[PDB]
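[1] Here's a sequence, model it:
(one chain, ligands or ions: 1)
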Amino acid sequence: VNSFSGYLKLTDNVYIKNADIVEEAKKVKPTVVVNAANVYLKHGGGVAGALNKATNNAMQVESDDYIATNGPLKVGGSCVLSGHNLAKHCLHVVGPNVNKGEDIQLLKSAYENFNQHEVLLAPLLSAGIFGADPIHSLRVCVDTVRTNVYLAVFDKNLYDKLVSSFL
Ligand SMILES: Nc1nc(N)c2ncn(Cc3csc(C4CC4)n3)c2n1
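    Residues are numbered from 1 along each chain as shown. Dropping the coordinates below:
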């Protein structure tokens, strides 16, 4: 038993809700919140900009030190950093950005990072400003993630479309 509430159950291990990942995180304090990161951990907009703002820019400060030490992530890769006031940990995952021409097949590699964590609150990778089809992203999530994932979908219209079209 865990503290997530109001989710619809899609599969054995995948759950979905129309919600603000920022407010969902501050209420739940999940062990892991997933950020829709880029390779530079520049948290300027979308989910990343929202999460970073909610941390009072502490996420960005920590991320800049990470990059200065380690260099950029790979597309499809991830790193674990602090969750600040939102979660114990933040798993920064780089899905391919279609608006940069990145290969959508790396979306499966991106979701594989979730399997290193037993339970996660997450957005749909490569959705929103990353330019992928959120319905494809949901299918890849369901077919790749085996751990327990709670997906927060900000847009109510999109949430209803994801549920109604789910096979
Ligand atoms: N659940 C939730 N909460 C927010 N506050 C929010 N903002 C943008 N998106 C959609 C989204 C999913 S992946 C993504 C980035 C790759 C660009 N953007 C949001 N989803």
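
[2] ok, for residue 87, nearest residue in space, not its chain neighbours?
    residue 33 (3.9 Å; CB to CB, 6 or more residues apart in numbering). (C-beta placed from N, C-alpha, C; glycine too.)

[3] again with residue 138
    Nearest to residue 138 is residue 162, by CB to CB, 6+ apart, at 5.6 Å.

[4] what does the helix or strand harbouring that neighbour contact?
    If you go by DSSP states H and E, residue 162 is part of helix 156-164. Helix 156-164 is contacted from outside by 8, 16, 17, 18, 134, 135, 138, 153, using CB atoms under 8 Å, 6 or more residues apart in numbering.

[5] could you dump those to CSV with distance to residue 28 and secondary structure?
    Converted to CSV, the contacts of helix 156-164 look like this (distance: CB to CB, whole Å; DSSP: H, G, I helix; E, B strand; the rest coil):
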residue, distance to residue 28, secondary structure
8, 16, strand
16, 15, strand
17, 11, strand
18, 15, strand
134, 22, helix
135, 25, helix
138, 21, helix
153, 15, strand
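
[6] hmm, which two among those are most spread apart?
    Spanning the widest gap among those are 17 and 135, at 16.6 Å by CB to CB.
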